[PDB]
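Chains as they are written, first to last, in UniProt numbering: chain A, 4704 to 5323; chain B, 5325 to 5525; chain C, 5325 to 5527, 5532 to 5660, 5664 to 5917; chain D, 3948 to 4134. Below you'll find the structure, written out as structure tokens, and then a few comments.
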Amino acid sequence: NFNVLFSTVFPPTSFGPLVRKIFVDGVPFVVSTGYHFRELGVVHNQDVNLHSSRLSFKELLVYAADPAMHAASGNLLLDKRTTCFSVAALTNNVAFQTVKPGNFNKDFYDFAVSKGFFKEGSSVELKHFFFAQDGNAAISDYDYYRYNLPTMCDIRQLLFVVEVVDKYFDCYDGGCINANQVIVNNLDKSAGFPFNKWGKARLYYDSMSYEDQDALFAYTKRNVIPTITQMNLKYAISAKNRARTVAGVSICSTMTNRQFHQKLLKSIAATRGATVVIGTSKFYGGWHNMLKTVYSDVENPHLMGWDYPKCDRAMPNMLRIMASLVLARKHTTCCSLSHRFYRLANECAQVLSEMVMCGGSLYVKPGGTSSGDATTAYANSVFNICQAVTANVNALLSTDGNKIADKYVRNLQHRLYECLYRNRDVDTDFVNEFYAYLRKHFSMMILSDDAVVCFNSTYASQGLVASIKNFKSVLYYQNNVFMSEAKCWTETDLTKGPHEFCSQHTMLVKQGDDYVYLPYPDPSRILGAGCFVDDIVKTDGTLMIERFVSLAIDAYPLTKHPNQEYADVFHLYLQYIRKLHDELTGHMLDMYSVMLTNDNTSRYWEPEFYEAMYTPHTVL
Amino acid sequence: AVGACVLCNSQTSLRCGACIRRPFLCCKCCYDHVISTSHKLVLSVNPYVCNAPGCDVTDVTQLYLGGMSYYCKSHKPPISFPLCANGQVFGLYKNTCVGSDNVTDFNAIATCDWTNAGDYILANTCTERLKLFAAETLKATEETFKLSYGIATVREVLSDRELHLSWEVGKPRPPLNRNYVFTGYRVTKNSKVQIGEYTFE
Amino acid sequence: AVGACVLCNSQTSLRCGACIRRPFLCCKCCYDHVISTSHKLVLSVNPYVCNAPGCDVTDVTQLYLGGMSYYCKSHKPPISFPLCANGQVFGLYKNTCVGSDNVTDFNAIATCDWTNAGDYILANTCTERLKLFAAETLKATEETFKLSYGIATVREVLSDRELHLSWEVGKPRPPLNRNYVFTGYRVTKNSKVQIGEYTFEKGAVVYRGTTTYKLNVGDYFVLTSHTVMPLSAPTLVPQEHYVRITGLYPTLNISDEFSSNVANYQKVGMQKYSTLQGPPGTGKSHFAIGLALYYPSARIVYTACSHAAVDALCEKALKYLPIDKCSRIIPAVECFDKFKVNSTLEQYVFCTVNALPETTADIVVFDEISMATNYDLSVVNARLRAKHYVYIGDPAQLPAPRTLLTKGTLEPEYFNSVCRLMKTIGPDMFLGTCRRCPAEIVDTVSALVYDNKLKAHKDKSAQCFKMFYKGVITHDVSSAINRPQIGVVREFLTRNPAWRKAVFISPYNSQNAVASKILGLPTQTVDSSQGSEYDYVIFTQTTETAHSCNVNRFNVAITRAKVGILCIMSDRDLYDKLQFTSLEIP
Amino acid sequence: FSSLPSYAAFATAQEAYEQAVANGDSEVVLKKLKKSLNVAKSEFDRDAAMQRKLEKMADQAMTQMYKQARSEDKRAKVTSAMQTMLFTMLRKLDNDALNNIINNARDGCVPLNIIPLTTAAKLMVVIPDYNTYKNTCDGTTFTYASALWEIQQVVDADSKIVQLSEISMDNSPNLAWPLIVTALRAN
RNA sequence: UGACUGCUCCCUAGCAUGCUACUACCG
RNA sequence: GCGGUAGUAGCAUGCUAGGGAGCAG
Ligand SMILES: [Zn+2]
Ligand SMILES: [Zn+2]
Ligand SMILES: [Zn+2]
Ligand SMILES: [Zn+2]
Ligand SMILES: [Zn+2]
Ligand SMILES: [Zn+2]
Ligand SMILES: [Zn+2]
């Protein structure tokens, strides 16, 4: 906290990797043997050898991921398009990347029009398209890191909020695992820079044996390895016309972050009935179970949701450090005290402030999160819980204590002030008491910066529980953003669920004998997915009929909506599926002579196959 | 992919693996192409070969159609039916095929080295499209037997119209007049560079 | 882990584990080699050893395959499968083998621990890849033998031409002269530091090296054993006499360096190789120099076998050929750096086979065939792939330092493949013109091996002397001494005034060191001392045993001196063959 | 599947038993036939099953070892590629200015952000518009990072040569404006 | 040029378990 | 007379592996 304030005086060219000259068989290299953080000060590597013989495979991998050689063997660059610090240009040309439009499925559009759709004055219309971008879009989108400013925190209050958050994250287990227990799916994805010139992640997960991976992982508990992050543009459907960009992290960072965090990440995504709902599905009655869990037994229930403007470009560094420290608290037996600090330093040097490669040039990332590391959603959930806790603390500590009728709450406020500003060490009994109070009067359900809260209403009116105004104030003074209350909702009737959670609305329908909650999407999104695609994937439905089956699975609960076009969407999808099947069979029987059969294929255009996906019985 | 075999009047996706122009032969037509001569390899939308890693079978007469793939004889998961069976080869248009009465058109003129007078004799005893196949195969054999001789080059230069010339490794030299234009290319280190048109007599 | 087997050239994945060089063996070949020989270890992509915990068996005929690992009789699961069955080991490409019948000779090559003459007989009597494998494993065993020696513990130095140096406990004194190079590396605190390329004189330690370092503490003199790389090219390429002179350009004029050099070119321009069959000082030097300007537009390579024999390699090249046309290749040991190092484009490169800048040519020259093995021929054929080349050298010279053989001497037919290639079908070239030499060597080596194709060019005044003295031999250590040399040098310089400035051939280098300490004569090496001979030399007794005197060590020693060649009859020599003047000692 | 070790015995016993049956002998020979053939088929059963299990096990082992060999080959080639890339990028370090600024350091360590700033030979500038252009790189030589640079070439967003005589206020709206300026360090 | 997670549908191959069936051996 | 065992066929259930596709943060 003090280093953050003091680092704003010193010049910005004295931060980052520290390099020196080493000799390998009489030839000189330039490698990084330390780091200078704005928050953590000066860090020196522990195992550095100047004179050495011919190097091995993992040394080659480490030296090929360091930005030192790439920056030192490049040209100077002065870029006036952005205000962020610039390092070097790797080539003699600047690369401009564009985004192409979508492909039009005319047959589906004609079929939909021939059934009374897209008429004037209708309540269902297309507002999801593929937007195109011009040459200078990647740099324009990268220039949004100017909203990240150095922020000092109230340390005596953060040191209590972190205890409450750790109480929230208490029902799991974690630790370190060996290289043979790591689970990877889709090994056919990119490996980052400069490793994308020779293959995908399969090549590097096959060429490296198990003890090589173990030695590489054990190397990062005594040294710091800075890497390079590549920025890519997305090609997907959306409702707004701004460019979207994701970050491609290097393989040397992901390979070790998996071994560090995967056990805890898998343990979190396997628990039901907790605050974090990552891993729970919405089919087979999952949505109803989540909604019933979040309602708990609150006394005067209302519902509330909020929004984070520029969530990843504006999150201060201190909260990211806090999230990493909270996640790394499960290593009390497998790791020492220096190993944990060096792991934290490696994480900070790789995914918090490092060189990014936009276009064909190297830039310096000021701060924030790089969406695309191995621990994105869980860290976002920790950050969301931290913000909710500090909002509750600020709401309770800023109330006239002479007007609180209940004496228990008055004593709680007195003890809260004493534990914040008059106590130096942790007091577990009051932490447990405050955690119980929060869980009784303020219930949460969190999924990576999306949240729904069921709170006591009279307590919030009297000021003993956080409100929207408290969230606005906390965001203003701790996140450097303004949160307009036009993107937040409030629901005073519990028979209708949250107004929006994970882009889905909620309706209470009668199925069987009882009443359950079902989610339904926006009809415009489903129709836009039907009509606008990437080529070959559609514009010929017979080649892929399984797209429309999934799209009709997503659009089933629209048949219980009081509005009439909403069910017509599902019926139109069923008729299109039947038409595509008939087209395929006849269109194949005609020129060729192969005769097709309709055995157990009619199930796809009858509603009973889709009705079974929202009824609690858990198949496959 | 989908071309046309016309003597049997059969759209096809098959083609002979080892032949002149990758010619197109229907199921029964590829069959009597592969039993009247020796052409034991065919090409379809995908090539027929065992798909287990490390396996190697050029022949098609013993491959099987397995789980959305092809497997073989020496390395045999035989839960399948054979590819070559019942007077036909497996592919599309396996039902709308006719066959050929004159079995040895390809077996006669596509099996010799395309230099005897019999080639042209049969080409004139053909139809319009059959003789089109003939003419295209004559152009193909012209080029494919022209690409079997040397490349002249000037390494130290002398006065124009009187130079020195070394040629190639072991290959023979074609006829001598200006029939063959010596229009090659120049190499600086990896690329091709403006040279012009020449002729050596 | 995948390649061709040394007999069938078929694809395999099996490596024999009981052969020091780990050759690639075919599955049927693997079975034949493991059955008829106590070579019971086979390596694959994974080793063929029992993986049962706590177990230790390294056979192949004993293991059973079960599950995914390999198991033995004591741990075979119910689902077991023997690896060694059907006379064919289990490995990749098991269905595409052909086998071979040349397994007995391959077994003999593999099993030969290199003891007797038959070792080299069958080394030179086999097919090509077996020749390559035999040469590789011969150099491997000799380098292992010489690395099985101690480290020269040194902590101080007296002065120049003096040294105190100690070997290890249980290790004997290594061989003496530069034929076994002494190149060591000391340490200061953390790594190794340079010492110098040296050689020792006697046991007083004079320095016959070419540098001087601040030698004292922590010094480690060692005969550096080097890892041997595998061969690529065969020992020789079969020649075919051309009709076109491709690339070769006989100039309009005649660069008349030598007269018969025109015929030289005439028959070396068509066949894929040749050889300069040169008696000492008989055009063995500058025929290539004449070829340099008669064929100036031809890429010409020059090489030898040792860094010592670069005299004629480097002198006349700069002396008469143009300055820029020459080029120098030297690792950076101490040798002639007269031309330009670090230059890839040139038409006349002069070096040894130690290290060259990888390129191909069309003309090469290669010196010192007598002490050249098939390994050196293969490496020069691999590094340089030319159109024609000449191997300078003569069978009437010394063999390579093949200290491995002790019973039978290695004769001309056993030098290398080429050295008998020109012995059976005849030499590519045969000269008969001695540049500067009386007819003593003419008579001697023409009656012995030259077959009298060269005759008297300079007159025979019979000033050379050979006496009736015999001598007495005594062994002490790996070098011996001679009391009828300690007394005989004086007894032979008693009154004859002509051989006081003669050169001392050294069958025993320690004896030459003692002679230098007592009376004083220059030390003259035997093997790597051709062309360094002066005008006047003494052939001394120095030995009677089978160390040096059967035929081919004195064929060049008789040519060291020109007029006054004192070659006394020492032992069972060629006494009753010629006429020689004699003076009886008092 | 037809020349198994027990096949000879099984077939010979079956042939002899069926010949005895065709001889029309008593019921005792029929009972002996039935028992012998039953036990013969029973013993042939495992001999026909175990072999088929073993062949598939061997085939799986072969496939796994082949894929291991392929993985090793790929590893070797990627190692060669990485070594080549490193040794190729080594040859542009400008080993006199770098050595001059390394020796001035008190322990050999220097920040990475000041190496291109003090040792690079070429500079690249990207200019949004003309107002920014006339304040940064006006003329033919300009000063930046306490050094003097002189212009060498100017291209546009389409990578086509642009001469400084036409970069003016009037002619500004006729250029693909993301201009890239290349300069060299002076003296 | 294509990041990190979570859930769901479809097709094929293998393994394990269970149900039924047909012969044969044994008591 | 009943049970056990050994193969063979069909059917069902859950995992692992491979491929194609959909949604969400
Ligand atoms: Zn740990
Ligand atoms: Zn054909
Ligand atoms: Zn046909
Ligand atoms: Zn196969
Ligand atoms: Zn062996
Ligand atoms: Zn073999
Ligand atoms: Zn064992």
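Ideal Cβ positions, reconstructed from N, Cα and C, are used throughout, including at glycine.
Leaving out the 5 sequence neighbours to the left and right, which residues in its chain are closer than 6 Å to residue 5197 of chain A when beta-carbon positions are compared? 5004
Own chain residues within Cβ distance below 7 Å of residue 4758 of chain A, not counting five before or after: 4727
Mind checking the region 5269-5297 of chain A against chain B and listing, in chain order, the residues whose C-beta falls within less than 7 Å of any C-beta there? 5295, 5296
What I want to know is whether the C-beta of residue 5349 of chain B ends up closer than 8 Å to one or more non-hydrogen atoms of ligand 3. yes
Could you run through the region 5359-5386 of chain B and flag, in chain order, every residue whose CB is less than 7 Å away from some CB of chain D? 5376, 5377, 5378
Mind checking which residues open and close the alpha helix (DSSP H) that includes residue 4990 of chain A? 4989-4998
Would you say residue 4895 of chain A touches ligand 6, meaning its beta carbon is less than 8 Å from a heavy atom? no
Interface residues of the region 5478-5492 of chain B facing chain C [CB-CB below 9 Å]: 5480, 5490
What beta strand (DSSP E) runs, 3 residues minimum, are completely inside the region 5447-5521 of chain C? 5476-5478, 5506-5511
Beta-carbon of residue 4011 of chain D versus every beta-carbon of chain C: anything under 9 Å? yes
Length-filtered (3 minimum) beta strand (DSSP E) runs lying within the region 5537-5591 of chain C: 5547-5549
The region 5385-5397 of chain C / the region 5464-5475 of chain C touching (three or more Cβ pairs under 8 Å): no
Helix, strand or coil for residue 5653 of chain C? Go by DSSP, reduced to three states. coil
Residue 5068 of chain A burial status per 10 Å Cβ neighbour count (16 or more: buried): buried
Proximal residues of chain A, C-beta to C-beta of residue 5419 of chain B below 9 Å: 5295, 5296, 5297
Taking C-alpha atoms, which residue in C:5379, C:5759, C:5629 lies nearest to residue 5654 of chain C? C:5629
Cutoff 9 Å: residue 5399 of chain B Cβ touching any chain D Cβ: yes
Going by CA-CA distance only, name the one from A:5303, A:5285, A:5034 that's closest to residue 4962 of chain A. A:5034
Positions along the region 5724-5743 of chain C whose CB lies within less than 8 Å of some CB in chain D: none
Tell me the start and end of each unbroken alpha helix (DSSP H) in the region 5254-5310 of chain A that is at least 4 residues and wholly inside, in chain order. 5267-5294
Is the beta carbon of residue 5156 of chain A sitting closer than 9 Å to the one on residue 5008 of chain A? yes
For the region 5402-5436 of chain B, which residues have a CB atom closer than 9 Å to at least one CB atom of chain A, in sequence order? 5416, 5417, 5418, 5419, 5420
Can you find at least 3 beta carbon pairs, one from the region 5341-5358 of chain B and one from the region 5397-5414 of chain B, that sit closer than 8 Å? yes
Is the distance from the Cβ of residue 4901 of chain A to the Cβ of residue 5209 of chain A below 9 Å? no
Any beta-carbon of chain C closer than 9 Å to the one on residue 4024 of chain D? no
Going by CA-CA distance only, name the one from A:5256, A:5056, A:4898 that's closest to residue 4954 of chain A. A:4898
Helix, strand or coil: which one does DSSP assign to residue 4034 of chain D? helix
Below 9 Å on C-beta distance, what does residue 4014 of chain D contact in chain B? 5377, 5378
Quick check: what's the CA-CA separation for residue 4081 of chain D versus residue 4972 of chain A? 57 Å
Using a Cβ-Cβ cut-off of 7 Å (strictly less than) and excluding sequence neighbours within five positions of residue 4748 of chain A, which residues of its own chain qualify? 4736, 4737, 4926, 4927
Should residue 5530 of chain C be counted as a contact of ligand 7 given a C-beta to heavy atom distance under 8 Å? No coordinates exist for residue 5530 of chain C in the structure shown, because the numbering of chain C passes directly from 5527 to 5532.
Do the CB positions of residue 5663 of chain C and residue 5871 of chain C come within less than 9 Å of each other? For chain C, the structure lists 5660 followed at once by 5664, and that leaves residue 5663 of chain C out of the model.
Where residue 3949 of chain D falls, given that 16 or more other Cβ within 10 Å makes a residue buried: exposed
Do the region 5576-5592 of chain C and the region 5549-5565 of chain C touch if we need at least three Cβ pairs shorter than 8 Å? no
Does the region 3951-3967 of chain D come into contact with the region 5802-5813 of chain C, if we say contact requires no fewer than three beta-carbon pairs (one atom in each stretch) closer than 8 Å? no
The region 5745-5764 of chain C in contact with the region 5859-5871 of chain C per 3-pair CB rule at 8 Å: no
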